[PDB]
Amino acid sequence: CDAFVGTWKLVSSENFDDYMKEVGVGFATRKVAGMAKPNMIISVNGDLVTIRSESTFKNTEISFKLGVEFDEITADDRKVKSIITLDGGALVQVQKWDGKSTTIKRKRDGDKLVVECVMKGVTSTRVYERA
């Protein structure tokens, strides 16, 4: 997963609001989240991968090992069970909570970092590029 290492700036966002609405994000915070242009900083240290997101909305940080389930408090304050795998060359994270389930795909496409968030059909696409 050395292809993901680095600092990335958000450059585009599509259907994010629809996605947040689906996960059950409140109207107010949903707008504050949408106006944010985060700086995802992926890093690795041994078998531990760390994805740090810095936004005007909320700074989050998750450190994990691949294929090993972990606990996470999402930005929208959901308490979920996560597991990240390197599937088909892409960092595939699936979040399970209250019987519900969302998947977050992080894949490289040229010089871009494409993030696909899926929740019951709805798909949000956010593209990043090296800062």
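Rigid core here is just the name for the largest C-alpha set that superposes within 1.5 Å across the two forms. We number the residues from 1 along the sequence you see.
After a core fit, the C-alpha atoms in 8 other deposited structures of this protein lie farther on average from the shown form in one of 90-98 and 53-61, namely 53-61. In 8 other deposited structures of this protein, superposed by the rigid core, the C-alpha atoms of 28-36 lie farther from the shown form than the other of 28-36 and 100-108. Stretch comparison (45-53 versus 22-30) by mean CA B-factor in the PDB entry places 22-30 on top. Comparing 63-71 with 94-102, the stretch with the higher mean C-alpha B-factor in the PDB entry is 94-102.
Ranking 35, 80, 40, 84 by the C-alpha B-factor listed in the PDB entry places 35 at the top. For residue 118, the recorded CA B-factor ranks within the highest third of the chain. Only modelled residues enter the ranking.
Residue 5 sits in the lowest third of its chain by CA B factor, as recorded in the PDB entry.
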